[PDB]
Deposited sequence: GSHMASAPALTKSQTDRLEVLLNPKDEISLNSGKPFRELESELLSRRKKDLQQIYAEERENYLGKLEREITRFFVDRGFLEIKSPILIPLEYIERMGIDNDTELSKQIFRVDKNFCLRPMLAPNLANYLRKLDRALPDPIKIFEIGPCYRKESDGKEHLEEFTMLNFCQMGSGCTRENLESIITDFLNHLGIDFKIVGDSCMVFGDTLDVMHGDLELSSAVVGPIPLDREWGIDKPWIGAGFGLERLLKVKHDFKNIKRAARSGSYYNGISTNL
């Protein structure tokens, strides 16, 4: 008895990357579902007993330690931001991906504007170079796909002043991804906001877009020094680390806990 698409979809939800269970074997659907369900219950019992940290939270904490230890100031800035920030980033009506809140606000689609404000303000107080980073939620309307979430988690680190070269930027990215054990290559790309970017690729998967300033947009933000920065999606890092087939396994969600289906 062949499997329906609904049945295939259910078994894929319950299947984990570490499993070696074939759906196209001729085993009956209810027997495959029940076996997968029992393994996932066991996986959750082991997490609860020994490993009670959330993957996204744990990765945020790991990344935070890495950048604090390397001299970067940890920033926590608003997620609900002025809609005016969007036009001032030169996002001309990505502009269609913005989640609007009431009349004058939106959910941030990137961390960059808040971090530009911090760079400008902190340069009045802190010695050269200024090094800061943030990790937190960001929001984009997206087409349903294996690599995109509408609610995702960004890391953005940046530096302003001395040391703001492509060479140093690549070196930080290398040290960062070596710490996480993720292989990568850097490929040139372009962005309608920042211009030329350095894209950090794992296979076909874009982990990060990075930028070497200065750029003309800086004057709109009161920035007048060289700078570098890079933005990474944490759920994409987790997708790589755990070999997930769909980024939803990694997302904020009532539907998966650390890649294990909660629909048991």
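In this entry, the deposited residues absent from the coordinate set span 1 to 7, 101 to 103.
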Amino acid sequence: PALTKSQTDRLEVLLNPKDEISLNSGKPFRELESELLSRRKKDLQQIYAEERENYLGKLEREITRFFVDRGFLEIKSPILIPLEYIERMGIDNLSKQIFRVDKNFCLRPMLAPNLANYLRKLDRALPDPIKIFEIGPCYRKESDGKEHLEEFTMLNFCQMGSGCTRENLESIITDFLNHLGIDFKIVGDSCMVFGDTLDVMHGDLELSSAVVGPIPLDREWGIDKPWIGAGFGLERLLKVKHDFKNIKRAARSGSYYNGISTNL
From here on, numbers count along this sequence of modelled residues.
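Legend: mean Cα B-factor per stretch from the PDB entry, 77 to 85 versus 105 to 113; the higher mean is in 77 to 85.
Legend: mean Cα B-factor per stretch from the PDB entry, 62 to 70 versus 217 to 225; the higher mean is in 217 to 225. Of the candidates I135, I91, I98, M160, the deposited coordinates give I91 the top C-alpha B factor. As recorded in the PDB entry, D196 shows the highest C-alpha B-factor of the residues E53, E50, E206, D196. Ranked by C-alpha B-factor against the other modelled residues of its chain, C164 falls in the middle third. Annotation for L119: C-alpha temperature factor in the lowest third relative to the rest of the modelled chain, per the entry. The entry lists a Cα temperature factor for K27 that places it in the highest third of the chain's modelled residues. Looking at the C-alpha B-factors along this chain, the one for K146 belongs to the highest third. For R236, the recorded CA temperature factor ranks within the lowest third of the chain's modelled residues.
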